[PDB]
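J.:
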Amino acid sequence: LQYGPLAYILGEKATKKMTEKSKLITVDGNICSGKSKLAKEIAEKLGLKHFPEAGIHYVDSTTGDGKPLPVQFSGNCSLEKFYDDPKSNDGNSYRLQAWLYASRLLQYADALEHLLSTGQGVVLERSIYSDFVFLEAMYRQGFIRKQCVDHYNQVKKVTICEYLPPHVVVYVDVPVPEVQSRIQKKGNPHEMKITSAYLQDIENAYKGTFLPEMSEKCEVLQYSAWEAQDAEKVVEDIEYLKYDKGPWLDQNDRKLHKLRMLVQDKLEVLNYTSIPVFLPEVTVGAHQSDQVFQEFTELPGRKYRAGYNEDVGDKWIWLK
Amino acid sequence: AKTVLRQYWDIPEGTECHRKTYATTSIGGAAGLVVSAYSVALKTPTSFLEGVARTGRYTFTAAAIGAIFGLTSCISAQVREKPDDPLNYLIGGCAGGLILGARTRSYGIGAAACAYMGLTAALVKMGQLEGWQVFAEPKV
Amino acid sequence: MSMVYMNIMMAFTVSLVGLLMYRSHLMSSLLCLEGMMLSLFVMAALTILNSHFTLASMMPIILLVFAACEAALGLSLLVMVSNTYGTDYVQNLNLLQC
Amino acid sequence: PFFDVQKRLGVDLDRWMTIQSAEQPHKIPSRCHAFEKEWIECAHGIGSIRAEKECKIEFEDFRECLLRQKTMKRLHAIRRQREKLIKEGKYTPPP
Amino acid sequence: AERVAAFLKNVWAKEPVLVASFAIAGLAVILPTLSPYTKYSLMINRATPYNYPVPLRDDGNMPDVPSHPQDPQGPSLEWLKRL
Amino acid sequence: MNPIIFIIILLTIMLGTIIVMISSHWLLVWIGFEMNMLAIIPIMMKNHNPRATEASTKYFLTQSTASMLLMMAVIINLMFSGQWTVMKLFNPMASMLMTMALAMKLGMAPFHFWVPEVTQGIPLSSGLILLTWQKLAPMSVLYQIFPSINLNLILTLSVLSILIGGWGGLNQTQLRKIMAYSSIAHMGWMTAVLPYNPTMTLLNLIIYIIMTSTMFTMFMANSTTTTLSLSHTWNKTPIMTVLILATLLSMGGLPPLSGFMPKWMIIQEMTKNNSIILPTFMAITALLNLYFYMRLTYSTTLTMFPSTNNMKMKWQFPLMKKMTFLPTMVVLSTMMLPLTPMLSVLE
Amino acid sequence: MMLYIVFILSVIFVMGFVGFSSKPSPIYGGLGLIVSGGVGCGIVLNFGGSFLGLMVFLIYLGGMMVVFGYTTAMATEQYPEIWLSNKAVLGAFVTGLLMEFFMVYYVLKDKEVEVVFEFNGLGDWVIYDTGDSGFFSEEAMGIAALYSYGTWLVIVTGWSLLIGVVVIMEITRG
Amino acid sequence: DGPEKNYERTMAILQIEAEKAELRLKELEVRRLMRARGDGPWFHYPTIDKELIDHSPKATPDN
Amino acid sequence: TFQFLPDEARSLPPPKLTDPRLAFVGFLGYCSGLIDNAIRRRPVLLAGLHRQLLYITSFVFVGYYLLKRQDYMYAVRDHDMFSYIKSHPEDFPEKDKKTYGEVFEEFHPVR
Ligand SMILES: CCCCCCCCCCCCO[C@@H]1O[C@H](CO)[C@@H](O[C@H]2O[C@H](CO)[C@@H](O)[C@H](O)[C@H]2O)[C@H](O)[C@H]1O
Ligand SMILES: CCCCCCCCCCCCO[C@@H]1O[C@H](CO)[C@@H](O[C@H]2O[C@H](CO)[C@@H](O)[C@H](O)[C@H]2O)[C@H](O)[C@H]1O
Ligand SMILES: CCCCCCCCCCCCO[C@@H]1O[C@H](CO)[C@@H](O[C@H]2O[C@H](CO)[C@@H](O)[C@H](O)[C@H]2O)[C@H](O)[C@H]1O
Ligand SMILES: Nc1nc2c(ncn2[C@@H]2O[C@H](COP(=O)(O)OP(=O)(O)OP(=O)(O)O)[C@@H](O)[C@H]2O)c(=O)[nH]1
Ligand SMILES: N=C(N)NC(=N)NCCc1ccc(I)c(Cl)c1
Ligand SMILES: [Mg+2]
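Chains as they are written, first to last, in the UniProt record's numbering: chain A, 24 to 343; chain B, 2 to 141; chain C, 1 to 98; chain D, 2 to 96; chain E, 2 to 84; chain F, 1 to 347; chain G, 1 to 174; chain H, 127 to 189; chain I, 10 to 120.
(1) Judging by CA-CA distance, which residue of G/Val6, G/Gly131, G/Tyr28 is the nearest neighbour of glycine 16 of chain G?
(2) Can you check which of these residues, G/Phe47, G/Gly150, G/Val66, G/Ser25, is closest to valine 4 of chain C by C-alpha distance?
(3) With distances taken Cα to Cα, identify the nearest neighbour of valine 90 of chain C among C/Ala11, C/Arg23, C/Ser57.
(4) Rounded to whole angstroms, how far is the Cβ of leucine 78 of chain C from the Cβ of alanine 75 of chain G, which I believe are closer than 8 Å?
(5) For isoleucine 174 of chain H, which residues in chain F fall below 9 Å Cβ to Cβ?
(6) By DSSP's criteria, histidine 25 of chain C is part of a beta bridge. Which residues make up the other side?
(7) Quick one, which of C/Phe41, C/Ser29, C/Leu30 has its alpha-carbon nearest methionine 9 of chain C's?
(8) Under 7 Å between beta-carbons, which chain D residues line up against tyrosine 143 of chain F? List them in chain order, please.
(9) Is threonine 49 of chain A near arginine 149 of chain A, with beta carbons less than 8 Å apart?
(10) Mind checking the region 45–74 of chain F against chain G and listing, in chain order, the residues whose C-beta falls within less than 7 Å of any C-beta there?
(11) If you compare alpha carbons, which of F/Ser140, F/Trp84, F/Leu319 is closest to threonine 99 of chain F?
(12) Who pairs with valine 146 of chain A in a beta bridge, going by DSSP?
(13) Using 10 angstroms around the beta-carbon of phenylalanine 113 of chain I, count the other beta-carbons present and answer buried if the total reaches 16, otherwise exposed.
(14) Going by Cα to Cα distance, which pick from D/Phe36, D/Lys85, D/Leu68, D/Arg83 is closest to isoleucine 20 of chain D?
(15) Identify the residues that DSSP records as bridge partners of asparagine 120 of chain G: which are they?
(16) Smallest Cα separation from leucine 135 of chain A: which of A/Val94, A/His73, A/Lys180?
(17) Which residues share a DSSP beta bridge with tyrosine 246 of chain A?
(18) Taking just the CA atoms, how far does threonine 53 of chain F sit from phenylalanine 319 of chain A?
(19) Could you give the distance in angstroms between the alpha-carbon of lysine 256 of chain A and the alpha-carbon of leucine 61 of chain A?
(20) List the whole-angstrom C-beta distance separating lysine 88 of chain F from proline 50 of chain F, where the pair is believed to meet the contact cut-off of C-beta under 8 Å.
(21) Got a sec? Which residues, its chain only, sit under 6 Å from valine 14 of chain C by beta carbon, not counting five neighbours each side?
(22) When you compare only the Cα positions, how much space is there between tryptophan 122 of chain A and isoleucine 183 of chain A?
(23) Pull up the distance between the alpha-carbon of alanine 84 of chain I and that of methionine 160 of chain H, whole angstroms please.
(24) Taking 8 Å as the threshold (C-beta atoms), are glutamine 25 of chain D and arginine 16 of chain D in contact?
(25) Alpha carbon to alpha carbon, how far is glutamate 185 of chain A from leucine 282 of chain A? Give it in angstroms, no decimals.
And the structure:
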C-alpha cells in the first residue's frame with residue numbers, strides 16, 4: 024500500500040517504527056571544517072543513514088537513473104563560477120543559493136520520510152536550518168543584493184515552518200586561519216580564491232544566529248578540530264543525551280501522519296520555492312524556459328511517468 | 002414604491018406637470034436615500050456631519066434628476082402635443098443625464114449619462130405603450 | 001392575533017436588530033443570537049400548547065437542544081478568536097478584506 | 002420532500018408530526034382537529050392551485066379556529082357596546 | 002478463550018470501575034430479550050385505561066363484544082390479579 | 001485531522017444535506033441545516049490560522065442568523081396553518097423570511113459579502129464543498145416552496161447577484177475570490193428561472209457544480225491559489241492549461257461547450273413566459289463573467305508567462321495528488337451540449 | 001389585574017430584550033438575558049407548559065447561560081463597564097423602552113392596537129380552552145412520545161450531539 | 127440523386143417538421159391552461175395527504 | 010414516486026445498442042480515458058488499455074439508462090398532453106381552414 028490515510032488507518036503509525044535510536048542528526052561547520060568525515064563516522068557507529076551534503080545535483084541523484092543531468096537543467100548554477108566571479112552580472116550568485124536551499128529542502132524531506140517510514144535515523148551535513156549562513160556571508164561581501172535576501176527569507180518563511188528541527192546539532196569549530204590553511208592544502212583552484220572575510224562572515228552567522236537559535240530547541244554539541252577526530256567520544260556524547268527540549272516531544276501519530284503526507288509528495292515540498300516573485304536573478308524568460316523544458320522531456324526515461332518509458336525497457340505499458 | 006408608480010402612470014402624459022414632477026422627484030429622492038443608506042453603512046463617514054452631508058448630496062442629486070426628467074418630459078409632450086411618444090422620454094432622460102454631469106462636475110459623464118439614461122427612458126415609454134414585462138408573471 | 005404575540009414578535013425583532021447592529025464584543029452579538037432563540041422557543045411553545053398539538057410538544061425541546069449546541073460551537077469560535085487577539089472584538093476579524 | 006425516500010421505502014421518518022389531526026398519544030385531539038380534517042379532505046389530491054380556490058371555505062373556517070380573530074373581534078364589539086351603555090346607565094347586568 | 006480470561010483478569014485488576022460499567026451496560030442491553038417477564042410490561046401498559054372506552058353501536062352481529070361491563074365477553078385482567 | 005474523523009465529519013455534512021432533501025417536516029429541514037453547519041466548521045478551521053478562524057466565524061454568524069430567520073418563518077407558518085408540511089408557506093411574511101433566509105445561506109446578493117471572504121480564508125478542498133455541495137440543501141427547499149415566493153423579491157435577488165457577481169470578479173487576482181464571485185453570479189441564473197421552470201434550476205445547478213468542481217480540482221492538483229501562481233502551469237503541466245482553458249470557456253457560456261446549455265435553456269423558458277427584457281439583460285450582463293474568465297485563459301494557456309529557475313526542480317517529479325474524477329468531470333464540463341435533450345431526466 | 005398576567009410578563013420580556021439587545025457590557029447583557037429567560041418561562045408556565053417552562057430554567061438558564069457567563073468571565077469581560085455609560089447603548093435602550101411603552105399604553109387604552117399588524121387587547125385568557133378533565137398532562141404525553149413516535153428525531157438529535165463533542169474538540173485543539 | 131428522390135425526400139422532411147411545429151404550439155397552449163386552471167398532471171403542487179388523518183374515537187367527543 | 014424508471018416505462022421500446030447518442034456517450038468515455046493518461050503523463054494512446062476499456066463501458070452503461078429515462082419522460086409528456094386535449098375539447102377546437110384563394114393577404118411591393 025502506497026502511504027496514505029488508508030495505510031494509516033490500517034495501523035501504519037509512526038510511533039510503532041520509531042525508537043530511541045530514531046534521531047535526525049545534522050553536522051555543521053565552516054568550509055573545510057572536516058564535517059564530512061565526522062558525519063560518516065557518526066552514521067556508521069550509530070547505524071544511521073548518511074546523506075552526503077546536498078549539492079547542485081542532489082535532485083538528479085533521486086530521480087531517473089540517478090546520474091547528474093547537464094547543467095542547463097539546473098539553471099547553469101555553478102559553485103566554480105561563484106568563486107571566480109561572485110559579483111557576476113548574470114545573477115549566478117543568488118541563483119545558486121536559491122537553488123541550493125531548494126536542494127536542501129528536498130533532502131530534508133527525504134531524510135524525514137526515511138526516518139518516519141523506516142524508523143532509522145539519519146545524519147545530514149548542513150540543512151535548511153543552517154543554509155542561511157552562506158546567504159548572510161554572500162550579502163555581507165556584496166555578492167548579492169538586499170532584494171535577493173528579502174526573496175530568500177520569503178521562501179524560507181513558508182517552507183521551514185512545516186518541518187521539525189534536528190534532534191541533535193553537531194558543530195565543528197575550526198577557526199578561519201586554519202580553514203584557509205586547509206583550503207590551500209586541499210588545492211582546489213577555485214576555492215583558494217575565497218576571502219577570509221567571507222569565511223569570517225560564515226562563522227559569525229553560525230555563532231551569532233544559528234547555534235543560539237538551535238540551542239533553544241535542539242541538542243547542540245560543539246567540538247574543535249582536534250575533538251572531532253575522536254568519533255567515539257562524539258558518539259558517546261550523542262548516546263548520553265536527554266532530549267528534553269524541542270517539538271519532537273509534542274509529536275504524535277496524528278501529527279506525524281500529516282508530516283509524512285507532506286514530505287513524501289515532493290512537488291508539495293517544493294511548492295513555495297517557485298513563488299511568483301520576479302527577481303532578476305531567478306526569473307527565466309518564457310522562450311528560454313520553454314526551450315529548456317522541451318529538451319528535458321527528450322532526455323532518456325523522462326518523457327513519461329517513471330515506469331512508462333519504453334525507451335529504457337519498461338514493459339506491460341498497455342496494462343499499467 | 003408601487004403607490005408612487007401608480008400615481009405617475011395614472012396621469013395622462015403632457016398634462017398636470019406639477020403632479021408629474023412631484024412623483025418623479027419623490028421617486029428620485031427615494032433612490033437617493035437608498036443609495037445613501039448603503040453608502041453610509043458600507044463606507045463609514047468620518048463624522049456624523051460628513052455622513053449627513055453625503056446623504057444630502059446623493060439625495061438632492063437624485064431628486065434633481067427625477068425633477069428635471071419629469072418636468073422636461075411633461076413639457077415636451079405638452080408643447081409637441083404628442084402624449085404617447087417615446088421621444089418625450091428621451092428628451093427628459095437626457096436632461097437628467099446632463100444634471101448628473103453637472104452635479105458630478107464632468108462632461109464625459111454628462112454625455113454618457115444623457116445617452117444611456119435618455120435611451121432607458123425612451124425604452125420605458127415603449128414598454129408602457131406595448132405592455133413589455135420586466136418581471137413577467139409565470140404563465141406556462 | 002392574541003395580545004401576547006405582539007410582544008413575543010417584538011422581542012424577536014429587538015434581538016434581530018441587536019444582532020444586525022454589531023458593536024465591539026463578539027460575545028454581545030452571540031447573546032442576541034440566543035435571545036432570538038429564546039423568543040422562538042416561547043412563541044413556538046405558546047402556539048403548540050394553546051392549540052393542543054400534542055405531538056408537537058417535543059418540538060421546543062428539540063429547538064432548545066440544537067440551538068444550545070450551535071451556541072456551544074459559537075462560543076468555541078469566540079475563544080479561538082480571543083486567543084488570537086486577546087479580545088473578542090469583531091474589528092480584528094478583517095484580514096479577509098484582502 | 003425533494004427526494005421522497007419515505008414513500009419509496011414506506012418508512013415514516015417525520016410525517017407523524019406534520020399535521021395536528023394525525024394520530025396522537027392516547028387519542029388526545031387538537032382543538033381544531035375537525036377543521037383541519039375537513040380542510041385536508043377537501044383539498045386532498047386536487048393540487049394546491051385548485052384547492053386555493055375550491056377549498057377556501059374550509060380553510061377560512063380552519064384559520065378562524067386557529068387564531069380566532071373574528072371571534073375576538075365580535076367579543077370586542079359586544080364588550081365595547083356594553084361599556085358604553087353602562088357608562089350611560091342604560092344597562093344593568095344580571096347576576 | 003484462555004486469552005479472553007487473561008484479558009478479563011487484567012482489566013479486573015487495573016480498571017474494576019470500567020469493568021463493572023461495561024458489565025452492567027451489557028446486562029441492560031441483553032437481559033430484556035432473555036426475560037420471561039418482559040411480555041407482561043407490554044400487557045400491563047396496554048391494560049391501563051387512560052381515556053373513556055367508547056361503546057359500539059350494536060348491529061346484532063357482535064357476539065364477542067360485551068353488552069354490560071360484568072358480562073363475560075371482552076378482555077379479562079385475571080392474569081393481572083394473579084401477577 | 002484524524003482520517004477516520006475527517007470521514008465521519010464529511011459524512012455528517014452529507015447527512016445534514018440529505019435530511020433537508022428527504023424531509024417532509026419543517027423541523028427536520030431546520031435540523032438538517034443545523035447538523036450540516038456544525039459539521040462544516042471543522043473543515044474550515046482545519047489549517048489553524050487567523051484567516052481560517054475569521055472565515056469560520058464569519059461563516060458561523062451568517063448561517064446562524066439565516067437559520068434563526070428560517071425557524072421564524074416556520075413558526076409563523078405553523079401559527080397560520082397549524083401544520084409543518086414542507087411545501088408552499090401559508091403566510092406572505094413567512095415566505096419573505098424564508099426566502100431571505102435561504103438567500104443568505106446561498107450567499108446571493110445583497111447577502112453575498114461573506115462568500116468571497118469565507119472562500120478566500122479556507123483551503124481549496126473546503127472551498128470546493130462550500131461552493132458546490134452546500135448549494136444543494138437551500139436550492140432543494142426553494143424547489144419546493146417556489147409557488148409561494150414573491151416573484152419581485154426572487155427576481156430582484158437574481159438580478160442583483162448577476163450584477164454583483166459579474167462586477168465583483170473583475171477586480172480579483174485571487175482564484176478563490178474569482179470562484180466566489182463566479183458562484184454568486186451563477187446563483188442568480190438558478191433563481192431567476194425558478195418561478196418559471198424549476199427543472200431548469202436543477203439543470204443549471206448540476207452543470208454549475210460539475211464545472212465548479214473541475215476548476216477547484218485543477219487548482220488543487222497544482223496547489224495554485226493566485227493568478228500568477230496559475231500562470232506557471234504551462235511550464236509544468238501543459239495539459240492542465242488546456243483543460244483549464246476549455247473549462248473556463250465553458251463557464252463563460254460559449255458554444256459549443258456544456259456551459260452554454262443552462263443559459264440557453266433558461267432563456268428559452270423565460271421567453272415562453274413573455275419575459276424578454278430580463279433574459280436579455282442577464283445574458284449581456286454575463287459577459288462580465290466571460291471577461292474575467294478570458295483574462296485567466298490569457299495568463300494560463302494562450303500566453304507563456306515568465307518562469308523561475310527553481311521550477312526546473314519540479315520537472316523531475318510527477319503529480320501525486322488524487323485528482324479524483326477529474327478526467328470525467330472535465331469531459332462533462334465541456335462536451336455535453338450534443339446531449340442537451342437529456343435534461344428531461346430531471347423532470 | 002391578575003387576568004393580564006401573561007401580558008404583563010410579555011411586557012417585561014420585551015424590556016429585558018431591549019436590555020441586552022442595546023448591548024451593554026456582556027456581563028450586563030448576560031444578566032438581561034437571564035431575566036428574560038425566567039420571565040419567558042413564566043409565560044410558558046401560564047399556558048400549561050410546566051415541563052417546557054422548567055426546561056428553560058434547567059437547560060437555557062442552568063446550562064447554556066451558565067456556560068455563557070463562564071466564558072464571558074474567562075475570554076470577554078472580567079470587569080463590567082458602568083451600565084448605560086455609553087451613549088449608543090443609552091440611546092438604544094431608551095429608544096426601545098419608549099417604543100414598548102407606547103405599544104402597551106395604546107393596547108390597554110383601546111383593548112386593541114395596530115403595530116404594523118392587528119393585535120387584540122382583551123387579554124390572552126380569552127383564547128384558552130374551555131374543556132379539560134383528563135387524568136394526565138397533555139404536554140407530558142406529547143414529550144414522552146419522543147421515544148415511541150420520534151425514533152428518527154432521536155437518531156438525528158443524538159448523532160448531532162455526538163458530532164458536537166467531536167467538532168468542538170477539533171476546533172479548540174489548534 | 128434524381129429530382130424525384132430529392133423532391134419526395136423533401137416532402138418527408140416537411141411532414142416531420144410541420145408535425146413537430148404543431149406539437150410545439152399545442153404544448154405551449156396546454157401548459158398555459160394547466161398552469162392557470164390546475165386541472166392537469168402538470169403544475170400539480172402537493173396538498174396534505176388525507177391518509178395521515180386519525181379517524182378513531184378521541185379522548186373527548188367534540189371533534 | 011422516487012423511481013428512476015417506473016414499471017410503465019417498460020411498454021416503450023428499449024433504446025437500440027447502436028443509438029447514435031449512446032455511441033457519443035461511449036466516445037466521451039473514450040476521451041476521458043485519454044485525458045486520464047495525459048494528466049498523469051502516461052503514453053496517451055497505449056497506456057492502461059484495461060482502464061481505457063472500463064471508461065468506455067462505464068459511460069455506455071450509465072448512458073444507456075439515462076437515455077431510457079430521457080425517452081420515457083418525453084413519452085409521458087406526450088401522453089399527458091394528448092389526454093388533456095381529449096379531456097378539454099372546448100379549448101382545442103378543430104380549426105376552420107381556408108385556402109389561399111379565399112384568404113386575403115396584403116401585397117408589399119419591393120420596388
Ligand atoms: C439600457 C436599457 C436598460 C433596461 C431598460 C428596460 C426597459 C423596460 C421597459 C419598462 C417596463 C414597462 O413599463 C411598464 O409597462 C406596464 C404596462 O402597462 C405599466 O403597467 C401599468 O399599467 C397601467 C397603465 O397602463 C397602470 O395603471 C398601472 O399602474 C401599471 O401596472 C407600467 O406602469 C410601466 O412602468
Ligand atoms: C423582517 C422582520 C423580522 C421580524 C418579523 C416579526 C414577526 C412578523 C409577524 C407576521 C405575522 C402577521 O402576518 C400577517 O397577519 C395578518 C393578520 O390577518 C394577515 O392578514 C392581513 O393581510 C391579509 C391580506 O389578504 C388579510 O388577512 C388582511 O387584509 C390582513 O389582516 C397577513 O396576511 C399576514 O402577513
Ligand atoms: C443517518 C442515520 C442512518 C440510520 C437510519 C435509521 C432510520 C430508522 C427509521 C426509524 C423509523 C422506522 O419506521 C417507523 O418505525 C416506527 C417503529 O419503529 C413505526 O412507528 C410506530 O410507533 C409509533 C407509535 O404509534 C407511531 O409512529 C406509529 O403508530 C407506529 O407505526 C412507524 O410506523 C415506522 O414507519
Ligand atoms: N555559495 C554556497 N557554497 C556552498 C554551500 N554549501 C556548500 N557550499 C560550498 O561547497 C563546497 C564544499 O563545502 P564543504 O563541505 O564545507 O567543504 P569540504 O572540505 O569538502 O567538507 P568538510 O571537510 O567537512 O569541511 C564549499 O566551497 C562550500 O563553499 C552553500 O549553501 N552556498
Ligand atoms: N414549471 C414548468 N414551467 N416546467 C415544467 N416542468 N412544466 C411541465 C411540462 C413538462 C415539460 C416537459 C416534460 I419531459 C414534462 Cl413530463 C412536462
Ligand atoms: Mg564536505
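Where a beta carbon is used, it is the ideal one built from N, C-alpha and C, also for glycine.
T.: Reading it off the structure:
(1) G/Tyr28
(2) G/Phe47
(3) C/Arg23
(4) 6 Å
(5) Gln83, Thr85, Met87
(6) The secondary-structure analysis by DSSP pairs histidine 25 of chain C across a beta bridge with C/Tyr89.
(7) C/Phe41
(8) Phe3
(9) yes
(10) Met45, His48
(11) When only C-alpha atoms are compared, the closest one is F/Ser140.
(12) Answer by DSSP bridge pairing, in chain order: A/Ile48, A/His73.
(13) With fewer than 16 Cβ atoms within 10 Å of its Cβ, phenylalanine 113 of chain I is classed as exposed.
(14) D/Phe36
(15) G/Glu112
(16) A/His73
(17) A/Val195
(18) 43 Å
(19) 11 Å
(20) Wrong, their Cβ atoms sit about 44 Å apart, outside the cutoff.
(21) none
(22) 15 Å
(23) 18 Å
(24) no
(25) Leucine 282 of chain A and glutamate 185 of chain A: Cα-Cα distance of roughly 8 Å.
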